[PDB]
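Excluded from the calculations below are hydrogen atoms, water molecules and symmetry mates; all remaining heavy atoms, backbone and side chain alike, are included. In what follows, residues are counted from 1 in the order of the sequence shown.
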Amino acid sequence: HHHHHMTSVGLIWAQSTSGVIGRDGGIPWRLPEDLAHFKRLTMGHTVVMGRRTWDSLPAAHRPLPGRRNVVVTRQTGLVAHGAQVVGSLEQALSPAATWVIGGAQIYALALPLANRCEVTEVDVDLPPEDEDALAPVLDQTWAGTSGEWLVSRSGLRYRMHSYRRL
Ligand SMILES: NC(=O)c1ccc[n+]([C@@H]2O[C@H](COP(=O)([O-])OP(=O)(O)OC[C@H]3O[C@@H](n4cnc5c(N)ncnc54)[C@H](OP(=O)(O)O)[C@@H]3O)[C@@H](O)[C@H]2O)c1
Ligand SMILES: CCc1nc(N)nc(N)c1OCC1CN(c2ccccc2N2CCC(C(=O)O)CC2)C1
């Protein structure tokens with residue numbers, strides 16, 4: 001349903017090579033270069049996230065500055081300030097390039113509607129654990145390109161993949 005709307009809908013996430021995106025209510029690695037990449041791609045745009053991701057943000061970073069923060073929840077509203085709440089992904093997207101920034105539940109809702117995915121792969125050894133949030137799997141409707149492996153100042157290797165709907 002990526003052509004049920006006019007504005008581009010992009011998913012953006014970072015994952016380990018094993019496909020983990022979240023653990024224990026947070027992200028189980030630190031990668032400053034990915035944060036800068038995420039900031040450059042999203043600055044000045046609407047960012048849409050699930051409520052658990054909203055609550056996972058450290059207070060210094062909530063709301064994400066310089067972006068319209070939209071939080072998808074079934075609740076009437078939120079205790080933590082700075083978001084616009086909506087009750088569905090469709091309400092998040094219209095009116096409106098909108099970035100869906102996680103987590104796994106909101107990626108699953110948005111994947112059928114998305115035109116683009118921007119993935120950072122982090123070469124950190126994290127065998128998936130029972131409660132982990134995992135990255136969405138991309139099917140045959142996506143075409144991708146991949147950048148070279150880069151080395152972070154902290155020593156972790158990482159790289160970016162970019163997918164567009166065929
Ligand atoms: N690595 C990355 O790039 C990345 C990015 C973002 C997040 N994360 C990680 O992902 C994890 C959180 O992901 P998650 O999947 O547990 O949660 P999530 O997708 O962030 O949020 C789930 C919440 O969204 C709301 N929601 C879900 N489906 C809905 C629907 N159909 N209609 C309305 N509201 C709906 C509900 O909020 P209510 O309960 O309020 O109703 C639900 O509890 C954390 O570990 C976080 O650190 C990682
Ligand atoms: C940087 C992590 C990330 N990476 C890619 N590639 N995709 C994503 N969806 C993604 O999750 C973005 C959300 C979760 N985040 C976060 C989590 C923990 C500590 C700091 C942050 N934030 C605060 C605001 C900063 C900003 O000003 O942008 C960015 C870092 C914002």
Side-chain angles (χ1 to χ4, degrees), residues 2-5 8-16 18-29 31 34-35 37-59 61-122 128 130-145 160-166:
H2 64 278
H3 285 146
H4 284 57
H5 46 82
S8 178
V9 174
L11 276 50
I12 183 167
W13 74 87
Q15 63 176 79
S16 66
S18 64
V20 175
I21 66 164
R23 175 177 295 174
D24 298 329
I27 295 173
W29 61 81
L31 184 56
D34 173 66
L35 184 154
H37 164 75
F38 171 83
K39 188 179 295 167
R40 286 189 300 262
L41 273 55
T42 62
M43 195 57 57
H45 302 297
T46 295
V47 292
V48 176
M49 73 198 88
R51 195 275 308 145
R52 296 185 205 185
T53 292
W54 176 254
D55 280 346
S56 81
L57 299 173
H61 307 296
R62 175 180 48 245
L64 271 59
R67 281 146 287 179
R68 173 173 173 261
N69 287 233
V70 176
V71 176
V72 181
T73 177
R74 298 176 185 104
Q75 302 186 64
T76 296
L78 304 180
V79 172
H81 277 284
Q84 183 181 334
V85 305
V86 299
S88 69
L89 183 67
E90 290 77 5
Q91 186 182 358
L93 296 184
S94 297
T98 296
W99 287 100
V100 175
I101 70 165
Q105 298 184 23
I106 265 55
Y107 290 137
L109 291 174
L111 193 52
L113 295 171
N115 318 91
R116 294 177 56 180
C117 296
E118 291 295 341
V119 180
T120 303
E121 174 181 358
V122 187
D130 298 4
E131 288 190 73
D132 286 349
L134 306 179
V137 174
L138 300 182
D139 73 1
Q140 63 185 341
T141 66
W142 294 97
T145 53
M160 281 67 172
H161 307 275
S162 303
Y163 295 87
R164 303 211 159 251
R165 202 73 88 153
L166 286 166

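- Residue pairs meeting the salt bridge (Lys or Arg N to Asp or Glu O under 4.0 Å) criterion with at least one member in residues 91-113, sequence neighbours excluded, do not occur.
- The closest side-chain heavy-atom distance from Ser88 to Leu109 is not below 4.5 Å.
- Pairs of residues two or more places apart, or lying in two chains, that qualify as salt bridge (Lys or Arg N to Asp or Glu O under 4.0 Å) and include a residue from residues 106-118 are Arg116-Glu118.
- Qualifying salt bridge (charged side-chain N to carboxylate O under 4.0 Å, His left out) partners for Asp34, counting only residues two or more places apart in sequence or in other chains: none.
- The side-chain heavy atoms of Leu134 and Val20, taken from C-beta on, include a pair separated by under 4.5 Å.
- With sequence neighbours excluded, the residues forming a ring pair (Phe, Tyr, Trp, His ring centres under 6.0 Å) with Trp13 are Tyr107, listed by chain and number.
- A search for side-chain hydrogen bond (donor to acceptor under 3.5 Å, both in side chains) contacts involving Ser56 returns nothing, not counting sequence neighbours.
- With contacts defined as side-chain heavy-atom distances shorter than 4.5 Å, the pair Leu64/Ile101 qualifies.
- Remark: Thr53 pairs with no residue by the side-chain hydrogen bond (donor to acceptor under 3.5 Å, both in side chains) rule, at least two apart or across chains.
- Taking the side chain as every heavy atom from C-beta outward, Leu31 and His37 never approach each other to under 4.5 Å.
- Looking only at distances, no side-chain donor or acceptor of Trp99 sits under 3.5 Å from a matching main-chain atom of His45.
- Residue pairs meeting the salt bridge (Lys or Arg N to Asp or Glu O under 4.0 Å) criterion with at least one member in residues 46-59, sequence neighbours excluded: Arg51-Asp55.
- Under the rule for a side-chain hydrogen bond (donor to acceptor under 3.5 Å, both in side chains), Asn69 has no partner lying at least two apart in sequence or in another chain.
- Formation of a donor-acceptor pair under 3.5 Å by the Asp132 side chain with backbone atoms of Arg23 is not found in this model.
- The side-chain hydrogen bond (donor to acceptor under 3.5 Å, both in side chains) test applied to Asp139 returns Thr141, not counting sequence neighbours.
- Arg164 is linked by a salt bridge (charged side-chain N to carboxylate O under 4.0 Å, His left out) to nothing, counting only residues two or more places apart in sequence or in another chain.
- Applying the salt bridge (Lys or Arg N to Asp or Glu O under 4.0 Å) test to residues at least two apart or on different chains, none of the pairs has a partner in residues 65-82.
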